[PDB]
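For reference, work_21.csv (CSV, C-alpha atoms and all ligand atoms):
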chain,number,residue,atom,x,y,z
A,1,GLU,CA,150.9,-21.7,-128.6
A,2,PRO,CA,154.2,-21.0,-126.8
A,3,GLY,CA,153.7,-18.0,-124.6
A,4,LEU,CA,155.9,-14.9,-124.9
A,5,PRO,CA,158.7,-14.7,-122.4
A,6,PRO,CA,157.7,-12.5,-119.5
A,7,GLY,CA,159.5,-9.2,-119.1
A,8,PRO,CA,161.2,-8.0,-115.9
A,9,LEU,CA,159.4,-7.2,-112.7
A,10,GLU,CA,157.5,-3.9,-112.7
A,11,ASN,CA,158.3,-3.7,-109.0
A,12,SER,CA,161.5,-5.5,-107.9
A,13,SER,CA,161.7,-4.4,-104.2
A,14,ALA,CA,162.2,-6.9,-101.5
A,15,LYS,CA,158.9,-8.2,-100.0
A,16,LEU,CA,157.5,-11.1,-98.1
A,17,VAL,CA,157.2,-14.1,-100.5
A,18,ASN,CA,156.4,-16.7,-97.9
A,19,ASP,CA,152.9,-15.1,-97.7
A,20,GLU,CA,149.3,-16.2,-97.2
A,21,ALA,CA,148.8,-16.8,-100.9
A,22,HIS,CA,152.0,-19.0,-101.2
A,23,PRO,CA,152.1,-21.4,-98.2
A,24,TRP,CA,154.4,-24.3,-98.1
A,25,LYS,CA,152.7,-27.7,-98.5
A,26,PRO,CA,154.0,-31.2,-98.4
A,27,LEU,CA,154.3,-33.4,-101.5
A,28,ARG,CA,151.3,-35.4,-102.7
A,29,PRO,CA,151.7,-38.7,-104.5
A,30,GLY,CA,152.8,-37.9,-108.0
A,31,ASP,CA,154.2,-34.5,-107.2
A,32,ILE,CA,157.6,-34.1,-109.0
A,33,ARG,CA,160.7,-32.4,-107.5
A,34,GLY,CA,164.1,-32.4,-109.0
A,35,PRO,CA,167.8,-31.3,-108.8
A,36,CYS,CA,167.0,-27.5,-108.5
A,37,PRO,CA,166.2,-26.3,-105.0
A,38,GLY,CA,164.9,-23.0,-106.4
A,39,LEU,CA,162.3,-24.4,-108.7
A,40,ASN,CA,161.5,-27.1,-106.1
A,41,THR,CA,160.8,-24.4,-103.5
A,42,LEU,CA,158.7,-22.4,-105.9
A,43,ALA,CA,156.6,-25.4,-106.7
A,44,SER,CA,156.2,-26.3,-103.0
A,45,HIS,CA,154.9,-22.7,-102.3
A,46,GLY,CA,152.6,-22.7,-105.3
A,47,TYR,CA,154.5,-20.1,-107.3
A,48,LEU,CA,154.7,-23.0,-109.8
A,49,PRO,CA,152.1,-25.8,-110.1
A,50,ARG,CA,152.5,-27.9,-107.0
A,51,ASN,CA,152.9,-31.1,-109.1
A,52,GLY,CA,156.1,-29.8,-110.7
A,53,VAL,CA,155.1,-29.5,-114.3
A,54,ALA,CA,155.0,-26.0,-115.7
A,55,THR,CA,155.2,-23.9,-118.9
A,56,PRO,CA,158.3,-21.8,-119.5
A,57,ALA,CA,156.4,-18.6,-118.9
A,58,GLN,CA,155.2,-20.0,-115.5
A,59,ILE,CA,158.8,-20.7,-114.6
A,60,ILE,CA,160.1,-17.3,-115.6
A,61,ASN,CA,157.3,-15.6,-113.7
A,62,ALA,CA,157.9,-17.7,-110.6
A,63,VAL,CA,161.7,-17.3,-110.4
A,64,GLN,CA,161.3,-13.5,-110.8
A,65,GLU,CA,158.3,-13.1,-108.4
A,66,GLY,CA,159.4,-15.5,-105.8
A,67,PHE,CA,163.2,-15.0,-105.7
A,68,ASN,CA,164.0,-11.9,-107.9
A,69,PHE,CA,166.0,-13.9,-110.4
A,70,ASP,CA,166.9,-11.5,-113.1
A,71,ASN,CA,165.1,-11.5,-116.5
A,72,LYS,CA,167.9,-12.5,-118.9
A,73,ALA,CA,169.1,-15.2,-116.6
A,74,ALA,CA,165.6,-16.6,-116.2
A,75,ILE,CA,165.0,-16.6,-119.9
A,76,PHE,CA,168.3,-18.2,-120.8
A,77,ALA,CA,168.0,-21.0,-118.1
A,78,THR,CA,164.4,-21.7,-118.7
A,79,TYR,CA,164.5,-21.9,-122.5
A,80,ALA,CA,167.7,-24.0,-122.5
A,81,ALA,CA,166.1,-26.4,-120.1
A,82,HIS,CA,162.9,-26.5,-122.0
A,83,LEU,CA,164.6,-27.1,-125.4
A,84,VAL,CA,166.5,-30.1,-124.1
A,85,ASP,CA,164.2,-31.5,-121.4
A,86,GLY,CA,160.7,-30.2,-122.1
A,87,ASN,CA,157.9,-30.9,-124.6
A,88,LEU,CA,158.0,-28.3,-127.3
A,89,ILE,CA,154.5,-29.1,-128.6
A,90,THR,CA,152.6,-29.0,-125.3
A,91,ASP,CA,154.9,-26.3,-123.9
A,92,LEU,CA,155.3,-28.3,-120.7
A,93,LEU,CA,158.5,-29.0,-118.6
A,94,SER,CA,158.9,-31.3,-115.7
A,95,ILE,CA,161.2,-29.9,-112.9
A,96,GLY,CA,162.2,-33.5,-112.1
A,97,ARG,CA,161.6,-37.0,-113.5
A,98,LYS,CA,160.3,-37.9,-116.9
A,99,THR,CA,156.5,-37.9,-116.8
A,100,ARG,CA,153.6,-38.6,-119.1
A,101,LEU,CA,152.2,-35.4,-117.8
A,102,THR,CA,154.2,-33.4,-120.4
A,103,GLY,CA,152.2,-35.1,-123.2
A,104,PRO,CA,152.8,-37.2,-126.2
A,105,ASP,CA,156.6,-37.6,-126.8
A,106,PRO,CA,158.4,-36.5,-130.0
A,107,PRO,CA,160.4,-39.1,-131.9
A,108,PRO,CA,163.7,-40.5,-130.7
A,109,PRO,CA,166.3,-39.3,-130.3
A,110,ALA,CA,164.5,-36.6,-128.2
A,111,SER,CA,164.1,-37.8,-124.5
A,112,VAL,CA,161.9,-35.1,-122.9
A,113,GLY,CA,163.3,-36.4,-119.7
A,114,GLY,CA,162.6,-33.4,-117.4
A,115,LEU,CA,165.3,-31.7,-115.4
A,116,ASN,CA,166.4,-35.1,-114.1
A,117,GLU,CA,167.8,-36.1,-117.5
A,118,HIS,CA,171.6,-36.4,-117.2
A,119,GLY,CA,173.8,-34.6,-119.7
A,120,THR,CA,171.3,-32.3,-121.4
A,121,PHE,CA,171.1,-29.6,-118.7
A,122,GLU,CA,171.9,-31.5,-115.4
A,123,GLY,CA,175.5,-32.5,-114.8
A,124,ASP,CA,178.2,-33.6,-112.3
A,125,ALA,CA,179.8,-32.1,-109.2
A,126,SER,CA,176.5,-30.7,-107.9
A,127,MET,CA,176.7,-29.5,-104.3
A,128,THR,CA,173.9,-31.5,-102.6
A,129,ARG,CA,173.0,-34.0,-105.3
A,130,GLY,CA,175.2,-36.9,-106.4
A,131,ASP,CA,176.6,-37.5,-109.8
A,132,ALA,CA,174.3,-39.5,-112.1
A,133,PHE,CA,177.0,-42.3,-112.2
A,134,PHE,CA,176.3,-43.0,-108.5
A,135,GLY,CA,172.7,-43.7,-109.0
A,136,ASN,CA,170.7,-40.6,-108.2
A,137,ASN,CA,171.3,-37.1,-109.6
A,138,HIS,CA,168.2,-35.4,-108.1
A,139,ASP,CA,167.4,-36.2,-104.5
A,140,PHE,CA,168.8,-34.3,-101.6
A,141,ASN,CA,171.8,-36.0,-100.2
A,142,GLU,CA,172.5,-35.7,-96.4
A,143,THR,CA,176.2,-36.6,-96.6
A,144,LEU,CA,176.8,-34.0,-99.3
A,145,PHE,CA,174.8,-31.4,-97.4
A,146,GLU,CA,176.9,-32.1,-94.3
A,147,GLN,CA,180.0,-31.5,-96.3
A,148,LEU,CA,178.5,-28.1,-97.3
A,149,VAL,CA,177.9,-27.4,-93.6
A,150,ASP,CA,181.5,-28.3,-92.8
A,151,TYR,CA,182.9,-26.1,-95.6
A,152,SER,CA,180.6,-23.3,-94.3
A,153,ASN,CA,182.1,-23.8,-90.8
A,154,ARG,CA,185.7,-23.8,-92.1
A,155,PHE,CA,185.5,-20.9,-94.6
A,156,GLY,CA,182.3,-18.9,-93.9
A,157,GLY,CA,182.2,-18.6,-90.1
A,158,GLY,CA,179.3,-21.1,-90.1
A,159,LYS,CA,177.5,-19.4,-93.1
A,160,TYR,CA,177.5,-20.2,-96.7
A,161,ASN,CA,179.1,-17.3,-98.7
A,162,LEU,CA,181.1,-16.9,-101.9
A,163,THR,CA,184.4,-17.9,-100.2
A,164,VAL,CA,182.7,-21.2,-99.1
A,165,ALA,CA,181.4,-21.5,-102.7
A,166,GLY,CA,184.9,-21.3,-104.2
A,167,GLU,CA,186.3,-24.0,-101.9
A,168,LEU,CA,183.2,-26.3,-102.1
A,169,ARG,CA,182.9,-26.0,-106.0
A,170,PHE,CA,186.5,-27.2,-106.3
A,171,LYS,CA,186.1,-30.0,-103.7
A,172,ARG,CA,183.1,-31.4,-105.6
A,173,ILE,CA,185.2,-31.3,-108.8
A,174,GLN,CA,188.1,-33.1,-107.1
A,175,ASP,CA,185.8,-35.8,-105.7
A,176,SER,CA,184.2,-36.4,-109.0
A,177,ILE,CA,187.6,-36.7,-110.7
A,178,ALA,CA,188.7,-39.2,-108.0
A,179,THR,CA,185.5,-41.4,-108.1
A,180,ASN,CA,183.5,-40.9,-111.2
A,181,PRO,CA,185.2,-42.5,-114.3
A,182,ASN,CA,182.5,-40.8,-116.5
A,183,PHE,CA,182.9,-37.3,-114.9
A,184,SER,CA,182.1,-34.6,-117.6
A,185,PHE,CA,182.9,-30.9,-117.0
A,186,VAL,CA,182.6,-29.1,-120.3
A,187,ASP,CA,180.5,-26.5,-122.1
A,188,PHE,CA,177.0,-25.9,-120.6
A,189,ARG,CA,177.7,-27.7,-117.3
A,190,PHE,CA,181.1,-26.0,-116.9
A,191,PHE,CA,179.2,-22.7,-116.9
A,192,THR,CA,176.2,-23.8,-114.7
A,193,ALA,CA,178.5,-25.5,-112.1
A,194,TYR,CA,180.0,-22.1,-111.2
A,195,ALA,CA,176.8,-20.1,-111.5
A,196,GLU,CA,174.8,-22.4,-109.2
A,197,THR,CA,177.2,-21.9,-106.3
A,198,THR,CA,176.4,-18.2,-106.1
A,199,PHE,CA,172.6,-18.7,-106.0
A,200,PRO,CA,172.4,-19.6,-102.3
A,201,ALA,CA,174.4,-16.5,-101.3
A,202,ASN,CA,172.5,-14.2,-103.8
A,203,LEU,CA,168.9,-15.6,-103.6
A,204,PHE,CA,168.4,-17.7,-100.5
A,205,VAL,CA,169.5,-14.9,-98.1
A,206,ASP,CA,166.6,-12.9,-96.7
A,207,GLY,CA,166.3,-9.7,-98.8
A,208,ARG,CA,166.1,-7.4,-95.8
A,209,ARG,CA,169.8,-8.4,-95.1
A,210,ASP,CA,171.1,-9.3,-98.6
A,211,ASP,CA,174.6,-9.7,-97.1
A,212,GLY,CA,175.6,-12.8,-98.9
A,213,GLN,CA,175.8,-14.9,-95.7
A,214,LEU,CA,173.3,-17.9,-95.8
A,215,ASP,CA,172.7,-19.6,-92.4
A,216,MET,CA,172.6,-23.4,-92.2
A,217,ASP,CA,168.9,-23.6,-91.1
A,218,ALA,CA,167.7,-21.7,-94.1
A,219,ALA,CA,170.1,-23.6,-96.3
A,220,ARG,CA,168.7,-27.0,-95.1
A,221,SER,CA,165.1,-25.6,-95.5
A,222,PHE,CA,165.6,-24.8,-99.2
A,223,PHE,CA,168.0,-27.6,-100.2
A,224,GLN,CA,166.2,-30.5,-98.5
A,225,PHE,CA,162.6,-29.4,-97.8
A,226,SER,CA,162.0,-27.0,-100.7
A,227,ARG,CA,160.7,-24.6,-98.0
A,228,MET,CA,161.2,-20.9,-97.5
A,229,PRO,CA,162.1,-19.8,-94.0
A,230,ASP,CA,159.3,-18.3,-91.9
A,231,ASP,CA,158.8,-14.7,-92.9
A,232,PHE,CA,161.2,-15.0,-95.9
A,233,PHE,CA,161.7,-11.8,-97.9
A,234,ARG,CA,163.0,-12.2,-101.5
A,235,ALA,CA,166.2,-10.3,-102.6
A,236,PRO,CA,165.8,-6.5,-102.9
A,237,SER,CA,166.7,-6.3,-106.6
A,238,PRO,CA,167.1,-8.6,-109.7
A,239,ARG,CA,170.2,-10.8,-109.7
A,240,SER,CA,171.6,-14.2,-110.5
A,241,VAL,CA,175.3,-14.9,-110.8
A,242,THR,CA,176.9,-11.8,-109.3
A,243,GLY,CA,180.1,-12.8,-107.5
A,244,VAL,CA,180.8,-15.8,-109.6
A,245,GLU,CA,184.2,-14.3,-110.4
A,246,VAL,CA,185.2,-15.0,-106.7
A,247,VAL,CA,184.2,-18.6,-107.1
A,248,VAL,CA,186.3,-19.1,-110.3
A,249,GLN,CA,189.3,-17.1,-108.9
A,250,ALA,CA,189.5,-19.4,-105.9
A,251,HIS,CA,190.6,-22.4,-108.0
A,252,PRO,CA,190.5,-21.7,-111.8
A,253,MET,CA,189.7,-24.8,-113.8
A,254,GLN,CA,189.8,-25.8,-117.5
A,255,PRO,CA,186.9,-27.7,-119.0
A,256,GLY,CA,187.5,-31.4,-119.4
A,257,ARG,CA,186.4,-34.9,-118.5
A,258,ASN,CA,187.5,-38.2,-117.1
A,259,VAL,CA,188.1,-40.5,-120.0
A,260,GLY,CA,186.4,-43.7,-118.7
A,261,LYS,CA,188.7,-44.1,-115.7
A,262,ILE,CA,189.0,-42.3,-112.4
A,263,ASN,CA,191.9,-39.7,-112.1
A,264,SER,CA,192.1,-39.2,-115.9
A,265,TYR,CA,190.9,-35.7,-116.2
A,266,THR,CA,191.7,-34.5,-119.7
A,267,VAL,CA,191.2,-31.0,-120.9
A,268,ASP,CA,188.9,-30.6,-123.9
A,269,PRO,CA,190.1,-27.8,-126.3
A,270,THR,CA,186.8,-27.9,-128.2
A,271,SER,CA,184.9,-26.9,-125.1
A,272,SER,CA,183.8,-23.3,-124.5
A,273,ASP,CA,185.1,-21.7,-121.3
A,274,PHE,CA,184.7,-18.3,-119.7
A,275,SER,CA,186.8,-16.7,-122.4
A,276,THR,CA,184.2,-17.8,-125.1
A,277,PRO,CA,180.7,-17.5,-123.7
A,278,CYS,CA,179.2,-17.1,-127.2
A,279,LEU,CA,180.7,-20.4,-128.2
A,280,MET,CA,178.8,-22.0,-125.3
A,281,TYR,CA,175.5,-20.7,-126.7
A,282,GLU,CA,176.5,-21.8,-130.2
A,283,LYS,CA,177.4,-25.3,-129.3
A,284,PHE,CA,174.3,-25.7,-127.1
A,285,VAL,CA,172.1,-24.9,-130.2
A,286,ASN,CA,174.2,-26.5,-133.0
A,287,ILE,CA,175.2,-29.7,-131.1
A,288,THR,CA,173.0,-30.4,-128.1
A,289,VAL,CA,169.6,-29.2,-129.3
A,290,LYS,CA,170.2,-30.4,-132.9
A,291,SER,CA,171.3,-33.8,-131.7
A,292,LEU,CA,168.0,-34.2,-129.9
A,293,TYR,CA,166.0,-33.0,-133.0
A,294,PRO,CA,168.1,-33.7,-136.1
A,295,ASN,CA,165.3,-33.7,-138.6
A,296,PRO,CA,162.1,-32.4,-137.1
A,297,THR,CA,158.7,-32.5,-138.7
A,298,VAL,CA,156.9,-29.2,-139.4
A,299,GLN,CA,155.1,-28.6,-136.1
A,300,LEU,CA,158.2,-29.5,-134.1
A,301,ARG,CA,160.5,-27.3,-136.3
A,302,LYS,CA,158.2,-24.3,-135.8
A,303,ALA,CA,158.2,-24.9,-132.0
A,304,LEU,CA,162.0,-25.3,-132.0
A,305,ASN,CA,162.5,-22.1,-133.9
A,306,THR,CA,160.1,-20.2,-131.6
A,307,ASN,CA,161.8,-21.4,-128.4
A,308,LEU,CA,165.3,-20.8,-130.0
A,309,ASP,CA,164.4,-17.2,-130.6
A,310,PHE,CA,163.2,-17.0,-127.0
A,311,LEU,CA,166.5,-18.5,-125.8
A,312,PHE,CA,168.5,-15.9,-127.8
A,313,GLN,CA,166.6,-13.2,-125.8
A,314,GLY,CA,168.6,-14.3,-122.7
A,315,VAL,CA,172.0,-14.4,-124.4
A,316,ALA,CA,174.3,-11.5,-123.4
A,317,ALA,CA,174.7,-8.7,-125.9
A,318,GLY,CA,177.6,-9.3,-128.3
A,319,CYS,CA,176.8,-12.8,-129.5
A,320,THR,CA,175.3,-13.7,-132.9
A,321,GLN,CA,172.1,-15.8,-133.3
A,322,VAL,CA,172.5,-19.2,-135.0
A,323,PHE,CA,169.7,-20.9,-136.9
A,324,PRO,CA,170.0,-24.7,-137.0
A,325,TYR,CA,166.7,-25.1,-138.8
A,326,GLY,CA,166.9,-22.0,-141.1
B,401,LIG,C1,165.2,-20.1,-114.1
B,401,LIG,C2,165.1,-21.4,-114.3
B,401,LIG,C3,165.9,-22.5,-113.6
B,401,LIG,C4,166.2,-23.7,-114.1
B,401,LIG,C5,165.8,-24.2,-115.5
B,401,LIG,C6,167.0,-24.4,-113.2
B,401,LIG,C7,167.5,-25.7,-113.3
B,401,LIG,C8,168.4,-26.3,-112.5
B,401,LIG,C9,169.1,-27.6,-112.7
B,401,LIG,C10,168.7,-28.5,-113.9
B,401,LIG,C11,169.9,-27.8,-111.7
B,401,LIG,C12,170.8,-29.1,-111.6
B,401,LIG,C13,172.2,-28.6,-112.2
B,401,LIG,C14,173.2,-29.7,-112.4
B,401,LIG,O1,173.1,-30.7,-111.7
B,401,LIG,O2,174.0,-29.6,-113.4
B,401,LIG,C15,169.9,-26.6,-110.9
B,401,LIG,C16,170.7,-26.5,-109.8
B,401,LIG,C17,170.5,-25.5,-108.8
B,401,LIG,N1,169.6,-24.4,-108.9
B,401,LIG,FE1,168.4,-24.0,-110.4
B,401,LIG,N2,167.3,-23.6,-112.0
B,401,LIG,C18,166.6,-22.4,-112.3
B,401,LIG,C19,166.5,-21.3,-111.4
B,401,LIG,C20,167.0,-21.3,-110.1
B,401,LIG,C21,166.7,-20.3,-109.1
B,401,LIG,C22,165.8,-19.1,-109.2
B,401,LIG,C23,167.4,-20.6,-108.0
B,401,LIG,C24,167.3,-19.8,-106.7
B,401,LIG,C25,168.3,-20.0,-105.8
B,401,LIG,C26,168.2,-21.8,-108.3
B,401,LIG,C27,169.0,-22.5,-107.4
B,401,LIG,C28,169.8,-23.6,-107.8
B,401,LIG,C29,170.9,-24.2,-107.0
B,401,LIG,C30,171.4,-23.7,-105.7
B,401,LIG,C31,171.3,-25.3,-107.6
B,401,LIG,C32,172.5,-26.2,-107.2
B,401,LIG,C33,171.9,-27.4,-106.4
B,401,LIG,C34,173.1,-28.2,-105.9
B,401,LIG,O3,174.1,-28.3,-106.6
B,401,LIG,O4,173.0,-28.8,-104.8
B,401,LIG,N3,167.9,-22.2,-109.6
B,401,LIG,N4,169.0,-25.7,-111.4
B,402,LIG,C1,175.0,-39.5,-100.8
B,402,LIG,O1,176.4,-39.1,-101.1
B,402,LIG,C2,177.4,-40.0,-100.5
B,402,LIG,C3,178.7,-39.3,-100.7
B,402,LIG,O2,179.1,-39.1,-102.0
B,402,LIG,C4,177.2,-41.4,-101.2
B,402,LIG,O3,178.1,-42.3,-100.7
B,402,LIG,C5,175.8,-41.9,-100.9
B,402,LIG,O4,175.6,-43.1,-101.5
B,402,LIG,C6,174.7,-40.9,-101.4
B,402,LIG,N1,173.4,-41.4,-101.3
B,402,LIG,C7,172.6,-41.5,-100.2
B,402,LIG,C8,173.2,-41.1,-98.9
B,402,LIG,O5,171.4,-42.0,-100.3
B,403,LIG,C1,182.9,-15.6,-95.8
B,403,LIG,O1,182.9,-15.6,-94.4
B,403,LIG,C2,184.2,-15.6,-93.9
B,403,LIG,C3,184.1,-15.7,-92.4
B,403,LIG,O2,183.2,-14.7,-91.9
B,403,LIG,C4,184.9,-14.3,-94.3
B,403,LIG,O3,186.2,-14.2,-93.9
B,403,LIG,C5,184.9,-14.1,-95.8
B,403,LIG,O4,185.3,-12.8,-96.1
B,403,LIG,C6,183.4,-14.3,-96.3
B,403,LIG,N1,183.4,-14.1,-97.7
B,403,LIG,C7,182.4,-13.4,-98.3
B,403,LIG,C8,182.6,-13.4,-99.8
B,403,LIG,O5,181.5,-12.8,-97.8
B,404,LIG,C1,176.6,-23.0,-135.7
B,404,LIG,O1,176.0,-23.0,-136.9
B,404,LIG,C2,176.1,-21.8,-137.7
B,404,LIG,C3,175.4,-22.0,-139.0
B,404,LIG,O2,174.1,-22.5,-138.8
B,404,LIG,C4,177.5,-21.5,-137.9
B,404,LIG,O3,177.7,-20.2,-138.5
B,404,LIG,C5,178.3,-21.4,-136.6
B,404,LIG,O4,179.7,-21.2,-136.8
B,404,LIG,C6,178.1,-22.7,-135.8
B,404,LIG,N1,178.8,-22.6,-134.6
B,404,LIG,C7,179.5,-23.6,-134.0
B,404,LIG,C8,179.5,-24.9,-134.7
B,404,LIG,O5,180.0,-23.5,-132.9
B,405,MG,MG,173.9,-32.4,-111.1
Could you quickly redo this structure as structure tokens?
Amino acid sequence: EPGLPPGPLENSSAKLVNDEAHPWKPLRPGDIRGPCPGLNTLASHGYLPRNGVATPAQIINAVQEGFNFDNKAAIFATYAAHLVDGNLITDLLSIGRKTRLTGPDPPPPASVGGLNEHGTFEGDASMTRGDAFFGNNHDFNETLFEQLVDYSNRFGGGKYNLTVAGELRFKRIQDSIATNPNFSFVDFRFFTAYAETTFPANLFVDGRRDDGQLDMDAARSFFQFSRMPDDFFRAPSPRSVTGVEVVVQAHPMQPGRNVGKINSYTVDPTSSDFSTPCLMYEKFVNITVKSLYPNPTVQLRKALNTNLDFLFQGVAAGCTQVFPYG
């Protein structure tokens, strides 16, 4: 029942993706949008179902076709999200809030909470979304976006680029340390927090230019309105995180968390970091996934095993597959 992960694009050239077949349309009542401007934009152009509920294969196809996200990155991100936020029996994932549209729920402690669920995939120090502690981890936030604009003005000549990314990533960390007593910055989120800052430079820049300089009109169009610029061409080749090394080198951090009070950031030696990427995969499967499904029945175990094989297809060569359910 779970479809096979799509393979890479047969033709990965730049092309018009804001085309007649994929027009932007406003949200209808019930349409779900969430913390990811990429998926949101794909849904609002009909690369994904416009109500924001999709299969993993639909998501992989959409991120490749609409933005030229590369295949391994698409597979890893999509199956990680599906394993912790999606319905494994119906093969459906919400790109935002929890919804009955993903079908009958599995037993607790699984939450099938969509991408909005804090602490499974989604986490703190996002760029244009607030921390979950402050009440809303998914809607566009104007104040946070205006800080992104200010950091683009100060470090990118008015454009968002990897230098801006390195300064803003660290600012959002510092602000969470100072204000969120529950701030968590370990393991999966420690990786995605750096990766996500490269995506506007690598994937929201029109592919005919591909110069890594994102202007603020296009930025607002994607980040707030889920809308491709008029005449938007996708990137001219598959990519995801290239340049993340610049973001890390700007302000190298250790994984850690506040310990129930502000300004109490405490390094966690059990966390993976960029020196142990295989450990991040192993903890995601052995701890995060297994904690949601500690003792699955037969149909759920088979769906878990299938999606865990698919997830491993997106893991970088050199890691070893782990089997929490045999
Ligand atoms: C392949 C499947 C994808 C999944 C499952 C996914 C999921 C998510 C989630 C859950 C977040 C919230 C992260 C957090 O708060 O910890 C996020 C953030 C983000 N995603 Fe995606 N995403 C995907 C692909 C893409 C693509 C193709 C783009 C194209 C640019 C993109 C751009 C972004 C950006 C820029 C952010 C950061 C938003 C912010 O901090 O303001 N994502 N994604
Ligand atoms: C947006 O973010 C600001 C700054 O962190 C916060 O004070 C505010 O409550 C957030 N929510 C809005 C503006 O709806
Ligand atoms: C970002 O833009 C600023 C100003 O144009 C420039 O000095 C810096 O080199 C740029 N960084 C990248 C990674 O393009
Ligand atoms: C994950 O579990 C496998 C056995 O299922 C084990 O070999 C591996 O060391 C574990 N990794 C962890 C706990 O990080
Ligand atoms: Mg977040």
Find, counting only C-alpha atoms and all ligand atoms, the residue in A:178, A:4, A:75, A:110 that gets nearest to ligand LIG 402 (chain B). A:178
Site check for ligand LIG 402 (chain B): residues at most 7 Å away, only C-alpha atoms and all ligand atoms, as a ChimeraX atom specification: /A:130,141-144
May I ask which of the residues A:89, A:9, A:308, A:278 is the closest one to ligand LIG 404 (chain B), counting all atoms listed in the file? A:278
How close does chain A get to ligand LIG 404 (chain B)? List, as JSON lines, each residue of chain A within 9 Å, its nearest atom pair and the distance in Å to one decimal, counting all atoms listed in the file.
{"residue": "A:278", "atom": "CA", "partner": "B:LIG404", "partner_atom": "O5", "distance": 8.6}
{"residue": "A:279", "atom": "CA", "partner": "B:LIG404", "partner_atom": "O5", "distance": 5.7}
{"residue": "A:280", "atom": "CA", "partner": "B:LIG404", "partner_atom": "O5", "distance": 7.8}
{"residue": "A:281", "atom": "CA", "partner": "B:LIG404", "partner_atom": "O5", "distance": 8.2}
{"residue": "A:282", "atom": "CA", "partner": "B:LIG404", "partner_atom": "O5", "distance": 4.7}
{"residue": "A:283", "atom": "CA", "partner": "B:LIG404", "partner_atom": "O5", "distance": 4.8}
{"residue": "A:284", "atom": "CA", "partner": "B:LIG404", "partner_atom": "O5", "distance": 8.4}
{"residue": "A:285", "atom": "CA", "partner": "B:LIG404", "partner_atom": "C1", "distance": 7.4}
{"residue": "A:286", "atom": "CA", "partner": "B:LIG404", "partner_atom": "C1", "distance": 5.0}
{"residue": "A:287", "atom": "CA", "partner": "B:LIG404", "partner_atom": "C8", "distance": 7.4}
{"residue": "A:320", "atom": "CA", "partner": "B:LIG404", "partner_atom": "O3", "distance": 8.9}
{"residue": "A:321", "atom": "CA", "partner": "B:LIG404", "partner_atom": "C2", "distance": 8.4}
{"residue": "A:322", "atom": "CA", "partner": "B:LIG404", "partner_atom": "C2", "distance": 5.2}
{"residue": "A:323", "atom": "CA", "partner": "B:LIG404", "partner_atom": "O2", "distance": 5.1}
{"residue": "A:324", "atom": "CA", "partner": "B:LIG404", "partner_atom": "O2", "distance": 5.0}
{"residue": "A:325", "atom": "CA", "partner": "B:LIG404", "partner_atom": "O2", "distance": 7.8}
{"residue": "A:326", "atom": "CA", "partner": "B:LIG404", "partner_atom": "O2", "distance": 7.6}
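Minimum atom-to-atom distance to residue 263 of chain A, evaluated using only C-alpha atoms, belongs to A:176 out of A:186, A:176, A:206, A:45.
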Select from segment 155-216 of chain A every residue with an atom at most 10 Å from any atom of segment 264-268 of chain A, then for each give the shortest pair of atoms and their distance in Å to one decimal, using all atoms listed in the file, rows by chain and rising number, as a Markdown table.
| residue | atom | partner | partner_atom | distance |
| --- | --- | --- | --- | --- |
| A:174 | CA | A:265 | CA | 9.9 |
| A:176 | CA | A:265 | CA | 9.9 |
| A:177 | CA | A:265 | CA | 6.5 |
| A:178 | CA | A:264 | CA | 8.6 |
| A:180 | CA | A:264 | CA | 9.9 |
| A:181 | CA | A:264 | CA | 7.8 |
| A:182 | CA | A:264 | CA | 9.8 |
| A:183 | CA | A:265 | CA | 8.3 |
| A:184 | CA | A:265 | CA | 9.0 |
| A:185 | CA | A:268 | CA | 9.1 |
| A:186 | CA | A:268 | CA | 7.4 |
| A:187 | CA | A:268 | CA | 9.5 |
Those same residues, written as a CSV table (one decimal), in the frame of the given file with C-alpha atoms?
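result.csv was written with the following content:
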chain,number,residue,atom,x,y,z
A,174,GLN,CA,188.1,-33.1,-107.1
A,176,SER,CA,184.2,-36.4,-109.0
A,177,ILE,CA,187.6,-36.7,-110.7
A,178,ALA,CA,188.7,-39.2,-108.0
A,180,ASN,CA,183.5,-40.9,-111.2
A,181,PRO,CA,185.2,-42.5,-114.3
A,182,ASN,CA,182.5,-40.8,-116.5
A,183,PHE,CA,182.9,-37.3,-114.9
A,184,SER,CA,182.1,-34.6,-117.6
A,185,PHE,CA,182.9,-30.9,-117.0
A,186,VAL,CA,182.6,-29.1,-120.3
A,187,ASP,CA,180.5,-26.5,-122.1
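With all atoms listed in the file as the atoms that count, the minimum distance from ligand LIG 403 (chain B) to the choices A:307, A:224, A:153, A:68 is reached by A:153.
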Which residues are near ligand MG 405 (chain B) - at most 8 Å, using only C-alpha atoms and all ligand atoms? Format: as a PyMOL selection string. chain A and resi 35+118+122-127+129-132+137-138
Need to verify the contact set: residue 85 of chain A, 10 Å, all atoms listed in the file, exclusion of same-chain residues closer than 5 positions in sequence. Can you return it as a PyMOL selection string? chain A and resi 79-80+92-98+110-118+120-122+289+292
Would you mind listing the residues within 9 Å of ligand LIG 403 (chain B), counting only C-alpha atoms and all ligand atoms, as an MDAnalysis selection string? chainID A and resid 152:165 201 211:213 243 246
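The shortest atom-to-atom distance to residue 168 of chain A, with all atoms listed in the file taken into account, belongs to A:248 out of A:83, A:203, A:248, A:228.
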Using all atoms listed in the file, what residues lie at most 6 Å away from (163.3, -13.4, -122.7) (file coordinates), given as a PyMOL selection string? chain A and resi 5+75+310+313-314
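Among the candidate residues A:297, A:128, A:55, A:64, the one lying nearest to residue 222 of chain A is A:128, with distances computed using only C-alpha atoms.
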